[PDB]
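Trainee: Handing over structure17.txt, compact mmCIF, N, CA, C and O atoms.
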# COMPACT_ATOMS: atom_id res chain seq x y z
N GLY A 186 31.93 35.88 -16.35
CA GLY A 186 31.26 36.38 -17.54
C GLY A 186 30.37 37.57 -17.21
O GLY A 186 29.14 37.52 -17.38
N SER A 187 30.98 38.64 -16.74
CA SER A 187 30.25 39.81 -16.33
C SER A 187 30.06 40.76 -17.51
O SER A 187 30.75 40.67 -18.52
N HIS A 188 29.13 41.69 -17.35
CA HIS A 188 28.79 42.68 -18.38
C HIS A 188 28.59 44.04 -17.77
O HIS A 188 27.96 44.18 -16.71
N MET A 189 29.14 45.07 -18.41
CA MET A 189 29.01 46.42 -17.89
C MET A 189 27.55 46.82 -17.71
O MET A 189 26.70 46.58 -18.57
N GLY A 190 27.27 47.44 -16.57
CA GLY A 190 25.93 47.91 -16.25
C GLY A 190 24.97 46.85 -15.75
O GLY A 190 23.84 47.19 -15.42
N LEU A 191 25.37 45.58 -15.74
CA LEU A 191 24.45 44.49 -15.44
C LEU A 191 24.81 43.89 -14.08
O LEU A 191 25.87 43.30 -13.90
N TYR A 192 23.91 44.04 -13.13
CA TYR A 192 24.05 43.44 -11.82
C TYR A 192 23.60 41.99 -11.90
O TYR A 192 22.62 41.66 -12.58
N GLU A 193 24.30 41.13 -11.16
CA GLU A 193 23.93 39.71 -11.02
C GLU A 193 23.70 39.48 -9.54
O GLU A 193 24.65 39.48 -8.76
N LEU A 194 22.44 39.34 -9.16
CA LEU A 194 22.11 39.31 -7.75
C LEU A 194 21.96 37.90 -7.22
O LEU A 194 21.75 36.94 -7.97
N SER A 195 22.09 37.80 -5.91
CA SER A 195 21.99 36.54 -5.20
C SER A 195 20.96 36.66 -4.11
O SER A 195 20.45 37.74 -3.80
N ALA A 196 20.68 35.53 -3.47
CA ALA A 196 19.81 35.57 -2.33
C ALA A 196 20.31 36.49 -1.22
O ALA A 196 19.51 37.12 -0.53
N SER A 197 21.62 36.60 -1.04
CA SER A 197 22.13 37.45 0.03
C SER A 197 21.82 38.91 -0.21
O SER A 197 21.39 39.61 0.73
N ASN A 198 21.99 39.36 -1.46
CA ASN A 198 21.98 40.80 -1.73
C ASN A 198 20.78 41.33 -2.45
O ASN A 198 20.67 42.54 -2.53
N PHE A 199 19.87 40.47 -2.93
CA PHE A 199 18.84 40.97 -3.82
C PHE A 199 17.95 42.03 -3.16
O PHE A 199 17.73 43.11 -3.70
N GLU A 200 17.38 41.68 -2.02
CA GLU A 200 16.44 42.58 -1.36
C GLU A 200 17.11 43.90 -0.96
O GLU A 200 16.54 44.98 -1.13
N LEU A 201 18.33 43.82 -0.45
CA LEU A 201 19.06 45.02 -0.10
C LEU A 201 19.36 45.87 -1.35
O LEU A 201 19.31 47.10 -1.31
N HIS A 202 19.67 45.21 -2.47
CA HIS A 202 19.99 45.90 -3.72
C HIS A 202 18.79 46.68 -4.27
O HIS A 202 18.95 47.81 -4.73
N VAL A 203 17.60 46.07 -4.25
CA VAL A 203 16.43 46.72 -4.86
C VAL A 203 15.71 47.66 -3.89
O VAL A 203 14.68 48.24 -4.25
N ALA A 204 16.25 47.84 -2.68
CA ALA A 204 15.57 48.62 -1.64
C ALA A 204 15.37 50.09 -1.98
O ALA A 204 14.41 50.70 -1.49
N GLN A 205 16.29 50.68 -2.74
CA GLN A 205 16.22 52.10 -3.09
C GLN A 205 16.22 52.26 -4.59
O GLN A 205 16.98 51.59 -5.29
N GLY A 206 15.41 53.17 -5.10
CA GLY A 206 15.40 53.48 -6.50
C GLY A 206 14.62 52.47 -7.32
O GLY A 206 13.85 51.68 -6.80
N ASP A 207 14.84 52.53 -8.63
CA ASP A 207 14.13 51.71 -9.58
C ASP A 207 15.07 50.65 -10.16
O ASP A 207 16.26 50.90 -10.36
N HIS A 208 14.49 49.49 -10.47
CA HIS A 208 15.24 48.32 -10.89
C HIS A 208 14.44 47.56 -11.92
O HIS A 208 13.25 47.36 -11.76
N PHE A 209 15.14 47.07 -12.94
CA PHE A 209 14.53 46.21 -13.97
C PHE A 209 15.37 44.94 -13.97
O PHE A 209 16.57 45.00 -14.25
N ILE A 210 14.74 43.81 -13.62
CA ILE A 210 15.43 42.57 -13.34
C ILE A 210 14.94 41.48 -14.29
O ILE A 210 13.74 41.25 -14.41
N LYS A 211 15.89 40.78 -14.90
CA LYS A 211 15.62 39.58 -15.70
C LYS A 211 15.82 38.35 -14.85
O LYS A 211 16.95 38.02 -14.46
N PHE A 212 14.72 37.64 -14.58
CA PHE A 212 14.76 36.34 -13.91
C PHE A 212 14.84 35.29 -15.00
O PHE A 212 14.00 35.26 -15.92
N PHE A 213 15.88 34.45 -14.94
CA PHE A 213 16.19 33.55 -16.04
C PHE A 213 16.64 32.20 -15.52
O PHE A 213 16.88 32.01 -14.33
N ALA A 214 16.76 31.27 -16.46
CA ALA A 214 17.41 29.98 -16.19
C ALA A 214 18.36 29.71 -17.34
O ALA A 214 18.02 29.99 -18.49
N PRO A 215 19.55 29.17 -17.06
CA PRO A 215 20.49 28.91 -18.17
C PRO A 215 19.95 28.02 -19.27
O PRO A 215 20.32 28.19 -20.43
N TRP A 216 19.07 27.08 -18.90
CA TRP A 216 18.50 26.11 -19.85
C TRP A 216 17.46 26.72 -20.78
O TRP A 216 17.03 26.06 -21.73
N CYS A 217 17.00 27.93 -20.49
CA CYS A 217 15.85 28.50 -21.19
C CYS A 217 16.24 29.14 -22.53
O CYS A 217 17.04 30.09 -22.58
N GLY A 218 15.71 28.62 -23.63
CA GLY A 218 16.03 29.11 -24.96
C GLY A 218 15.66 30.56 -25.22
O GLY A 218 16.41 31.28 -25.87
N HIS A 219 14.52 30.99 -24.70
CA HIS A 219 14.11 32.38 -24.87
C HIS A 219 15.03 33.30 -24.08
O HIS A 219 15.31 34.44 -24.48
N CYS A 220 15.53 32.78 -22.95
CA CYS A 220 16.47 33.55 -22.14
C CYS A 220 17.77 33.73 -22.91
O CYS A 220 18.31 34.85 -22.98
N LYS A 221 18.26 32.66 -23.52
CA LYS A 221 19.46 32.78 -24.34
C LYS A 221 19.22 33.79 -25.46
O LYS A 221 20.08 34.61 -25.76
N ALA A 222 18.05 33.72 -26.09
CA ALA A 222 17.74 34.59 -27.21
C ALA A 222 17.79 36.07 -26.82
O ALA A 222 18.17 36.92 -27.63
N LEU A 223 17.37 36.37 -25.59
CA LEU A 223 17.28 37.72 -25.07
C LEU A 223 18.57 38.23 -24.47
O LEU A 223 18.71 39.44 -24.28
N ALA A 224 19.51 37.36 -24.11
CA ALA A 224 20.64 37.79 -23.31
C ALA A 224 21.42 38.96 -23.94
O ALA A 224 21.74 39.91 -23.22
N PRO A 225 21.73 38.92 -25.24
CA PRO A 225 22.51 40.04 -25.80
C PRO A 225 21.74 41.37 -25.75
O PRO A 225 22.34 42.41 -25.47
N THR A 226 20.44 41.33 -25.99
CA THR A 226 19.61 42.53 -25.86
C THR A 226 19.67 43.08 -24.44
O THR A 226 19.79 44.29 -24.23
N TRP A 227 19.56 42.20 -23.46
CA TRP A 227 19.59 42.64 -22.06
C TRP A 227 20.95 43.28 -21.73
O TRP A 227 21.02 44.25 -20.97
N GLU A 228 22.02 42.71 -22.27
CA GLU A 228 23.34 43.28 -22.10
C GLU A 228 23.45 44.67 -22.73
O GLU A 228 24.08 45.56 -22.16
N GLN A 229 22.85 44.87 -23.91
CA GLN A 229 22.82 46.20 -24.52
C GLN A 229 22.05 47.16 -23.62
O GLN A 229 22.48 48.31 -23.43
N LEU A 230 20.91 46.72 -23.09
CA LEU A 230 20.09 47.56 -22.22
C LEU A 230 20.94 48.04 -21.03
O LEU A 230 20.95 49.23 -20.68
N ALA A 231 21.63 47.10 -20.39
CA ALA A 231 22.48 47.38 -19.24
C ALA A 231 23.60 48.36 -19.61
O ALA A 231 23.88 49.30 -18.87
N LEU A 232 24.26 48.14 -20.74
CA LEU A 232 25.36 49.03 -21.10
C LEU A 232 24.84 50.45 -21.29
O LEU A 232 25.45 51.43 -20.84
N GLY A 233 23.72 50.61 -22.00
CA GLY A 233 23.23 51.93 -22.28
C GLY A 233 22.80 52.70 -21.03
O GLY A 233 22.88 53.92 -21.01
N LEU A 234 22.38 51.97 -20.00
CA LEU A 234 21.93 52.55 -18.75
C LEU A 234 22.98 52.50 -17.66
O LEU A 234 22.69 52.82 -16.51
N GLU A 235 24.22 52.17 -18.00
CA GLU A 235 25.24 51.94 -17.00
C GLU A 235 25.40 53.12 -16.04
O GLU A 235 25.67 52.93 -14.84
N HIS A 236 25.33 54.34 -16.56
CA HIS A 236 25.55 55.53 -15.76
C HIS A 236 24.29 56.17 -15.23
O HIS A 236 24.35 57.25 -14.66
N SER A 237 23.15 55.51 -15.36
CA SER A 237 21.90 56.09 -14.86
C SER A 237 21.95 56.30 -13.38
O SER A 237 22.46 55.47 -12.67
N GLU A 238 21.42 57.42 -12.91
CA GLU A 238 21.27 57.67 -11.49
C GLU A 238 19.94 57.19 -10.93
O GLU A 238 19.71 57.28 -9.72
N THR A 239 19.06 56.72 -11.80
CA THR A 239 17.70 56.43 -11.41
C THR A 239 17.27 54.97 -11.60
O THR A 239 16.32 54.56 -10.95
N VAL A 240 17.92 54.20 -12.45
CA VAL A 240 17.56 52.80 -12.63
C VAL A 240 18.82 51.95 -12.66
O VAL A 240 19.88 52.40 -13.12
N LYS A 241 18.69 50.73 -12.17
CA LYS A 241 19.72 49.72 -12.31
C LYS A 241 19.12 48.50 -12.98
O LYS A 241 17.96 48.15 -12.75
N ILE A 242 19.94 47.87 -13.82
CA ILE A 242 19.56 46.70 -14.60
C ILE A 242 20.22 45.47 -13.98
O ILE A 242 21.43 45.47 -13.76
N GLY A 243 19.42 44.45 -13.70
CA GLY A 243 19.93 43.26 -13.04
C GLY A 243 19.42 41.98 -13.66
O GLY A 243 18.56 41.98 -14.55
N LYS A 244 19.91 40.88 -13.13
CA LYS A 244 19.42 39.55 -13.48
C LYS A 244 19.62 38.62 -12.29
O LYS A 244 20.52 38.82 -11.47
N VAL A 245 18.76 37.61 -12.24
CA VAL A 245 18.75 36.59 -11.19
C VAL A 245 18.62 35.23 -11.85
O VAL A 245 17.67 35.00 -12.61
N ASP A 246 19.56 34.35 -11.54
CA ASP A 246 19.55 32.97 -12.00
C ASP A 246 18.68 32.13 -11.06
O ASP A 246 19.07 31.84 -9.92
N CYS A 247 17.49 31.78 -11.52
CA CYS A 247 16.54 31.05 -10.71
C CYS A 247 16.89 29.58 -10.49
O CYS A 247 16.22 28.91 -9.70
N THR A 248 17.94 29.08 -11.15
CA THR A 248 18.47 27.78 -10.80
C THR A 248 19.37 27.85 -9.58
O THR A 248 19.61 26.83 -8.95
N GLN A 249 19.90 29.02 -9.28
CA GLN A 249 20.78 29.20 -8.12
C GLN A 249 20.08 29.83 -6.92
O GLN A 249 20.46 29.54 -5.79
N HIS A 250 19.06 30.65 -7.16
CA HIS A 250 18.42 31.43 -6.11
C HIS A 250 16.92 31.32 -6.23
O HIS A 250 16.22 32.33 -6.31
N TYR A 251 16.39 30.11 -6.22
CA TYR A 251 15.01 29.90 -6.58
C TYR A 251 14.05 30.61 -5.65
O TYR A 251 12.98 31.03 -6.10
N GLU A 252 14.34 30.67 -4.35
CA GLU A 252 13.42 31.33 -3.43
C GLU A 252 13.16 32.77 -3.83
O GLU A 252 12.04 33.24 -3.65
N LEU A 253 14.17 33.46 -4.37
CA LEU A 253 13.96 34.82 -4.89
C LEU A 253 12.89 34.83 -5.96
O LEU A 253 12.09 35.74 -5.99
N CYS A 254 12.90 33.81 -6.82
CA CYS A 254 12.01 33.66 -7.94
C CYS A 254 10.61 33.33 -7.45
O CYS A 254 9.66 34.09 -7.71
N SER A 255 10.45 32.27 -6.70
CA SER A 255 9.12 31.94 -6.22
C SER A 255 8.56 33.03 -5.32
O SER A 255 7.36 33.31 -5.38
N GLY A 256 9.42 33.69 -4.54
CA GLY A 256 8.96 34.78 -3.68
C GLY A 256 8.49 36.02 -4.42
O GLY A 256 7.82 36.87 -3.84
N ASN A 257 8.83 36.09 -5.70
CA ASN A 257 8.37 37.15 -6.59
C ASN A 257 7.47 36.60 -7.69
O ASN A 257 7.27 37.24 -8.73
N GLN A 258 6.86 35.44 -7.43
CA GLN A 258 5.86 34.83 -8.32
C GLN A 258 6.40 34.57 -9.72
O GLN A 258 5.67 34.62 -10.70
N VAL A 259 7.69 34.25 -9.81
CA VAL A 259 8.30 33.87 -11.07
C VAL A 259 8.11 32.36 -11.24
O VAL A 259 8.50 31.58 -10.37
N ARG A 260 7.51 32.00 -12.38
CA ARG A 260 7.01 30.65 -12.68
C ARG A 260 7.46 30.16 -14.05
O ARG A 260 7.06 29.08 -14.48
N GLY A 261 8.27 30.95 -14.74
CA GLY A 261 8.72 30.65 -16.08
C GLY A 261 9.65 31.75 -16.51
O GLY A 261 9.82 32.73 -15.77
N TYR A 262 10.24 31.62 -17.68
CA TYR A 262 11.40 32.43 -18.04
C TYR A 262 11.36 32.83 -19.50
O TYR A 262 10.84 32.08 -20.33
N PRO A 263 11.99 33.95 -19.84
CA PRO A 263 12.46 34.98 -18.91
C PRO A 263 11.25 35.71 -18.31
O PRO A 263 10.25 35.89 -18.99
N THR A 264 11.38 36.14 -17.06
CA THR A 264 10.39 37.02 -16.44
C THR A 264 11.09 38.33 -16.11
O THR A 264 12.13 38.33 -15.44
N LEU A 265 10.54 39.43 -16.61
CA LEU A 265 11.15 40.74 -16.51
C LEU A 265 10.30 41.56 -15.53
O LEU A 265 9.14 41.87 -15.80
N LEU A 266 10.88 41.83 -14.35
CA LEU A 266 10.15 42.51 -13.27
C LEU A 266 10.72 43.88 -13.00
O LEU A 266 11.94 44.09 -12.99
N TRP A 267 9.83 44.82 -12.71
CA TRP A 267 10.19 46.15 -12.24
C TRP A 267 10.02 46.19 -10.72
O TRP A 267 9.00 45.74 -10.21
N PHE A 268 11.01 46.78 -10.04
CA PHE A 268 10.96 47.05 -8.60
C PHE A 268 11.18 48.55 -8.38
O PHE A 268 11.97 49.18 -9.09
N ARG A 269 10.53 49.09 -7.36
CA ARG A 269 10.74 50.47 -6.98
C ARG A 269 10.74 50.53 -5.45
O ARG A 269 9.78 50.09 -4.82
N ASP A 270 11.86 51.02 -4.90
CA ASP A 270 11.97 51.25 -3.46
C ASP A 270 11.55 50.01 -2.69
O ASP A 270 10.81 50.06 -1.69
N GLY A 271 12.07 48.89 -3.15
CA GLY A 271 11.96 47.64 -2.45
C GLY A 271 10.71 46.84 -2.71
O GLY A 271 10.55 45.79 -2.11
N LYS A 272 9.85 47.29 -3.60
CA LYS A 272 8.64 46.53 -3.85
C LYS A 272 8.52 46.19 -5.31
O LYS A 272 8.87 46.98 -6.19
N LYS A 273 7.97 45.02 -5.54
CA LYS A 273 7.65 44.56 -6.88
C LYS A 273 6.51 45.41 -7.43
O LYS A 273 5.47 45.54 -6.78
N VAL A 274 6.73 45.99 -8.61
CA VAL A 274 5.81 46.92 -9.25
C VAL A 274 5.06 46.32 -10.43
O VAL A 274 3.85 46.51 -10.57
N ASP A 275 5.77 45.62 -11.30
CA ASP A 275 5.19 45.16 -12.57
C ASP A 275 5.91 43.94 -13.06
O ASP A 275 7.10 43.77 -12.81
N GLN A 276 5.17 43.17 -13.85
CA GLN A 276 5.68 42.06 -14.62
C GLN A 276 5.54 42.45 -16.09
O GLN A 276 4.46 42.36 -16.68
N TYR A 277 6.64 42.92 -16.68
CA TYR A 277 6.59 43.45 -18.04
C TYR A 277 6.42 42.33 -19.05
O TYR A 277 7.30 41.50 -19.19
N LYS A 278 5.30 42.33 -19.76
CA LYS A 278 4.99 41.32 -20.75
C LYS A 278 4.81 41.91 -22.14
O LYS A 278 4.09 41.38 -22.98
N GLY A 279 5.50 43.02 -22.39
CA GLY A 279 5.52 43.61 -23.71
C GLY A 279 6.67 43.11 -24.57
O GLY A 279 7.36 42.13 -24.24
N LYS A 280 6.85 43.75 -25.71
CA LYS A 280 7.92 43.37 -26.62
C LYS A 280 9.27 43.52 -25.95
O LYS A 280 9.51 44.46 -25.17
N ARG A 281 10.19 42.62 -26.29
CA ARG A 281 11.45 42.49 -25.58
C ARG A 281 12.64 43.01 -26.35
O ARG A 281 13.77 42.85 -25.91
N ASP A 282 12.42 43.64 -27.50
CA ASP A 282 13.51 44.25 -28.24
C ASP A 282 14.05 45.46 -27.48
O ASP A 282 13.33 46.11 -26.69
N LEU A 283 15.30 45.80 -27.76
CA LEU A 283 15.99 46.86 -27.02
C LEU A 283 15.19 48.17 -26.96
O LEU A 283 15.06 48.76 -25.89
N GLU A 284 14.69 48.64 -28.09
CA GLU A 284 14.02 49.94 -28.05
C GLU A 284 12.71 49.89 -27.27
O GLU A 284 12.36 50.87 -26.58
N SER A 285 11.99 48.78 -27.34
CA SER A 285 10.79 48.64 -26.52
C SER A 285 11.15 48.65 -25.03
O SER A 285 10.46 49.25 -24.21
N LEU A 286 12.23 47.95 -24.67
CA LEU A 286 12.67 47.90 -23.28
C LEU A 286 13.06 49.30 -22.81
O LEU A 286 12.73 49.69 -21.69
N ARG A 287 13.77 50.04 -23.65
CA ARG A 287 14.15 51.41 -23.28
C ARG A 287 12.93 52.32 -23.08
O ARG A 287 12.90 53.13 -22.16
N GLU A 288 11.95 52.21 -23.97
CA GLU A 288 10.73 52.98 -23.84
C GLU A 288 9.97 52.61 -22.56
O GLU A 288 9.42 53.48 -21.87
N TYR A 289 9.97 51.33 -22.21
CA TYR A 289 9.33 50.92 -20.96
C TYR A 289 10.07 51.48 -19.75
O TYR A 289 9.45 52.00 -18.82
N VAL A 290 11.40 51.39 -19.76
CA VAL A 290 12.19 52.00 -18.70
C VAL A 290 11.82 53.48 -18.53
O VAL A 290 11.58 53.95 -17.42
N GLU A 291 11.81 54.24 -19.62
CA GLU A 291 11.49 55.66 -19.51
C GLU A 291 10.08 55.87 -18.97
O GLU A 291 9.83 56.80 -18.19
N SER A 292 9.15 54.99 -19.33
CA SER A 292 7.78 55.12 -18.85
C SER A 292 7.69 54.96 -17.33
O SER A 292 6.82 55.55 -16.70
N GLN A 293 8.56 54.12 -16.76
CA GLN A 293 8.59 53.85 -15.32
C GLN A 293 9.42 54.82 -14.48
O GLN A 293 9.51 54.66 -13.25
N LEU A 294 10.03 55.79 -15.14
CA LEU A 294 10.91 56.75 -14.48
C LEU A 294 10.38 58.17 -14.57
O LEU A 294 11.16 59.14 -14.54
N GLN A 295 9.07 58.31 -14.64
CA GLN A 295 8.49 59.66 -14.69
C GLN A 295 8.38 60.39 -13.34
O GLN A 295 8.27 61.62 -13.32
N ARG A 296 8.42 59.68 -12.21
CA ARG A 296 8.38 60.36 -10.92
C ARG A 296 9.57 61.30 -10.78
O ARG A 296 10.67 61.01 -11.26
Go ahead and express the file in the form of structure tokens.
Mentor:
Amino acid sequence: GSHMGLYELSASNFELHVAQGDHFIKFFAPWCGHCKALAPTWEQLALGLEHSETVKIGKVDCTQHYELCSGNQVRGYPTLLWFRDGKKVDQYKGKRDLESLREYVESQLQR
């Protein structure tokens, strides 16, 4: 069940994946109702940014790769984190609609 533009990371590849550039990652659990509610929006976000040279859109299933989650202080879901050049930058707690997410992405790509 893959989606264009949307990376699905694992414990093996997560740190290597976020090492360069900017990343916006959805940490989720399949059981989480708010996560289900957000999933189509996140898929739209990924599709629209599929060809970006500056940001990649990802997700991590914290039921499968929990150490990634606890190691990034993820304690509930969905948690939307920004990474830049291998480091955790922000925990985005703003509005989660597509246009708000796009505006946040653009705000984090001013360098």
Trainee: Taking only residues of stretch 253-286 of chain A that have an atom at most 8 Å from an atom of stretch 233-243 of chain A, what is each one's shortest atom pair and its distance in Å to one decimal, using all atoms listed in the file, in chain and number order, as JSON lines?
Mentor:
{"residue": "A:264", "atom": "O", "partner": "A:243", "partner_atom": "O", "distance": 7.4}
{"residue": "A:265", "atom": "CA", "partner": "A:243", "partner_atom": "O", "distance": 7.8}
{"residue": "A:266", "atom": "O", "partner": "A:243", "partner_atom": "O", "distance": 7.1}
{"residue": "A:268", "atom": "O", "partner": "A:241", "partner_atom": "O", "distance": 7.1}
{"residue": "A:269", "atom": "CA", "partner": "A:239", "partner_atom": "O", "distance": 8.0}
Trainee: I want to know what sits within 9 Å of residue A:281, based on only C-alpha atoms, with residues of the same chain fewer than 2 positions away left out; could you give that as a PyMOL selection string?
Mentor: chain A and resi 223+226-227+278-279+283-286
Trainee: For residue A:205, which of A:287, A:294, A:277, A:272 is the closest residue, counting all atoms listed in the file?
Mentor: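 Nearest to residue A:205: A:272.
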Trainee: Can you work out which one of A:259, A:230, A:224, A:247 has the shortest atom-to-atom distance to residue A:209, counting only C-alpha atoms?
Mentor: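 Distance minimum relative to residue A:209 lands on A:230.
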Trainee: Using only C-alpha atoms, can you tell me which of A:271, A:256, A:190, A:215 comes closest to residue A:229?
Mentor: A:190
Trainee: In Å, how far is it from atom CA of residue A:275 to atom CA of residue A:195?
Mentor: 20.3 Å
Trainee: Write out as a PyMOL selection string all residues of chain A that backbone DSSP assigns to helix (DSSP H, G or I).
Mentor: chain A and resi 199-202+218-233+251-255+283-292
Trainee: Return the single residue from A:270, A:257, A:221, A:295 that is closest to residue A:206, with distances computed using all atoms listed in the file.
Mentor: A:270
Trainee: Rounded to one decimal, what separation in Å do you get between atom N of residue A:218 and atom O of residue A:203?
Mentor: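 Distance between the two atoms: 27.6 Å.
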Trainee: Of the candidates A:200, A:211, A:262, A:231, which one gets nearest to residue A:188 if we count only N, CA, C and O atoms?
Mentor: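 Using only N, CA, C and O atoms, the shortest distance to residue A:188 belongs to A:231.
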Trainee: For the structure I just gave you, how does DSSP split chain A - specifically, which residues are strand (DSSP E)? Reply as an mmCIF file with N, CA, C and O atoms, in the frame of the given file.
Mentor:
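Writing the result to selection15.cif gives the following:
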data_model
loop_
_atom_site.group_PDB
_atom_site.id
_atom_site.type_symbol
_atom_site.label_atom_id
_atom_site.label_comp_id
_atom_site.auth_asym_id
_atom_site.auth_seq_id
_atom_site.Cartn_x
_atom_site.Cartn_y
_atom_site.Cartn_z
ATOM 1 N N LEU A 191 25.370 45.580 -15.740
ATOM 2 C CA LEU A 191 24.450 44.490 -15.440
ATOM 3 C C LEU A 191 24.810 43.890 -14.080
ATOM 4 O O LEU A 191 25.870 43.300 -13.900
ATOM 5 N N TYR A 192 23.910 44.040 -13.130
ATOM 6 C CA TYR A 192 24.050 43.440 -11.820
ATOM 7 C C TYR A 192 23.600 41.990 -11.900
ATOM 8 O O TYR A 192 22.620 41.660 -12.580
ATOM 9 N N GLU A 193 24.300 41.130 -11.160
ATOM 10 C CA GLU A 193 23.930 39.710 -11.020
ATOM 11 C C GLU A 193 23.700 39.480 -9.540
ATOM 12 O O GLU A 193 24.650 39.480 -8.760
ATOM 13 N N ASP A 207 14.840 52.530 -8.630
ATOM 14 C CA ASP A 207 14.130 51.710 -9.580
ATOM 15 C C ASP A 207 15.070 50.650 -10.160
ATOM 16 O O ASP A 207 16.260 50.900 -10.360
ATOM 17 N N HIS A 208 14.490 49.490 -10.470
ATOM 18 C CA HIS A 208 15.240 48.320 -10.890
ATOM 19 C C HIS A 208 14.440 47.560 -11.920
ATOM 20 O O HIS A 208 13.250 47.360 -11.760
ATOM 21 N N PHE A 209 15.140 47.070 -12.940
ATOM 22 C CA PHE A 209 14.530 46.210 -13.970
ATOM 23 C C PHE A 209 15.370 44.940 -13.970
ATOM 24 O O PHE A 209 16.570 45.000 -14.250
ATOM 25 N N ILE A 210 14.740 43.810 -13.620
ATOM 26 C CA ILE A 210 15.430 42.570 -13.340
ATOM 27 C C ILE A 210 14.940 41.480 -14.290
ATOM 28 O O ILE A 210 13.740 41.250 -14.410
ATOM 29 N N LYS A 211 15.890 40.780 -14.900
ATOM 30 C CA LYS A 211 15.620 39.580 -15.700
ATOM 31 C C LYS A 211 15.820 38.350 -14.850
ATOM 32 O O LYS A 211 16.950 38.020 -14.460
ATOM 33 N N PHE A 212 14.720 37.640 -14.580
ATOM 34 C CA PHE A 212 14.760 36.340 -13.910
ATOM 35 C C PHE A 212 14.840 35.290 -15.000
ATOM 36 O O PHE A 212 14.000 35.260 -15.920
ATOM 37 N N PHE A 213 15.880 34.450 -14.940
ATOM 38 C CA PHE A 213 16.190 33.550 -16.040
ATOM 39 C C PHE A 213 16.640 32.200 -15.520
ATOM 40 O O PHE A 213 16.880 32.010 -14.330
ATOM 41 N N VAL A 240 17.920 54.200 -12.450
ATOM 42 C CA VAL A 240 17.560 52.800 -12.630
ATOM 43 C C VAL A 240 18.820 51.950 -12.660
ATOM 44 O O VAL A 240 19.880 52.400 -13.120
ATOM 45 N N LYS A 241 18.690 50.730 -12.170
ATOM 46 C CA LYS A 241 19.720 49.720 -12.310
ATOM 47 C C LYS A 241 19.120 48.500 -12.980
ATOM 48 O O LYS A 241 17.960 48.150 -12.750
ATOM 49 N N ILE A 242 19.940 47.870 -13.820
ATOM 50 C CA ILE A 242 19.560 46.700 -14.600
ATOM 51 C C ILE A 242 20.220 45.470 -13.980
ATOM 52 O O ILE A 242 21.430 45.470 -13.760
ATOM 53 N N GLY A 243 19.420 44.450 -13.700
ATOM 54 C CA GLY A 243 19.930 43.260 -13.040
ATOM 55 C C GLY A 243 19.420 41.980 -13.660
ATOM 56 O O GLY A 243 18.560 41.980 -14.550
ATOM 57 N N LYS A 244 19.910 40.880 -13.130
ATOM 58 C CA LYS A 244 19.420 39.550 -13.480
ATOM 59 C C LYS A 244 19.620 38.620 -12.290
ATOM 60 O O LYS A 244 20.520 38.820 -11.470
ATOM 61 N N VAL A 245 18.760 37.610 -12.240
ATOM 62 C CA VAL A 245 18.750 36.590 -11.190
ATOM 63 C C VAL A 245 18.620 35.230 -11.850
ATOM 64 O O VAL A 245 17.670 35.000 -12.610
ATOM 65 N N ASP A 246 19.560 34.350 -11.540
ATOM 66 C CA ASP A 246 19.550 32.970 -12.000
ATOM 67 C C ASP A 246 18.680 32.130 -11.060
ATOM 68 O O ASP A 246 19.070 31.840 -9.920
ATOM 69 N N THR A 264 11.380 36.140 -17.060
ATOM 70 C CA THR A 264 10.390 37.020 -16.440
ATOM 71 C C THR A 264 11.090 38.330 -16.110
ATOM 72 O O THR A 264 12.130 38.330 -15.440
ATOM 73 N N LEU A 265 10.540 39.430 -16.610
ATOM 74 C CA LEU A 265 11.150 40.740 -16.510
ATOM 75 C C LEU A 265 10.300 41.560 -15.530
ATOM 76 O O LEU A 265 9.140 41.870 -15.800
ATOM 77 N N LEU A 266 10.880 41.830 -14.350
ATOM 78 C CA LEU A 266 10.150 42.510 -13.270
ATOM 79 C C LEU A 266 10.720 43.880 -13.000
ATOM 80 O O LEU A 266 11.940 44.090 -12.990
ATOM 81 N N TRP A 267 9.830 44.820 -12.710
ATOM 82 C CA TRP A 267 10.190 46.150 -12.240
ATOM 83 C C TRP A 267 10.020 46.190 -10.720
ATOM 84 O O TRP A 267 9.000 45.740 -10.210
ATOM 85 N N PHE A 268 11.010 46.780 -10.040
ATOM 86 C CA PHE A 268 10.960 47.050 -8.600
ATOM 87 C C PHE A 268 11.180 48.550 -8.380
ATOM 88 O O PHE A 268 11.970 49.180 -9.090
ATOM 89 N N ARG A 269 10.530 49.090 -7.360
ATOM 90 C CA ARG A 269 10.740 50.470 -6.980
ATOM 91 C C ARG A 269 10.740 50.530 -5.450
ATOM 92 O O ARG A 269 9.780 50.090 -4.820
ATOM 93 N N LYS A 272 9.850 47.290 -3.600
ATOM 94 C CA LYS A 272 8.640 46.530 -3.850
ATOM 95 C C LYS A 272 8.520 46.190 -5.310
ATOM 96 O O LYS A 272 8.870 46.980 -6.190
ATOM 97 N N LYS A 273 7.970 45.020 -5.540
ATOM 98 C CA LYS A 273 7.650 44.560 -6.880
ATOM 99 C C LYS A 273 6.510 45.410 -7.430
ATOM 100 O O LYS A 273 5.470 45.540 -6.780
ATOM 101 N N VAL A 274 6.730 45.990 -8.610
ATOM 102 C CA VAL A 274 5.810 46.920 -9.250
ATOM 103 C C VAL A 274 5.060 46.320 -10.430
ATOM 104 O O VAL A 274 3.850 46.510 -10.570
ATOM 105 N N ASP A 275 5.770 45.620 -11.300
ATOM 106 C CA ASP A 275 5.190 45.160 -12.570
ATOM 107 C C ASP A 275 5.910 43.940 -13.060
ATOM 108 O O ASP A 275 7.100 43.770 -12.810
ATOM 109 N N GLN A 276 5.170 43.170 -13.850
ATOM 110 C CA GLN A 276 5.680 42.060 -14.620
ATOM 111 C C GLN A 276 5.540 42.450 -16.090
ATOM 112 O O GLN A 276 4.460 42.360 -16.680
ATOM 113 N N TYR A 277 6.640 42.920 -16.680
ATOM 114 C CA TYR A 277 6.590 43.450 -18.040
ATOM 115 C C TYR A 277 6.420 42.330 -19.050
ATOM 116 O O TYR A 277 7.300 41.500 -19.190
#
Trainee: What is the atom CA of residue A:276 to atom CA of residue A:249 distance in Å?
Mentor: 20.9 Å
Trainee: Report as AutoDock Vina command-line options the centre and the edge lengths, in Å to one decimal, of the axis-aligned box holding every listed atom of stretch 269-280 of chain A, padded by 3 Å on each side.
Mentor:
--center_x 8.0 --center_y 46.3 --center_z -14.2 --size_x 14.2 --size_y 15.9 --size_z 30.9
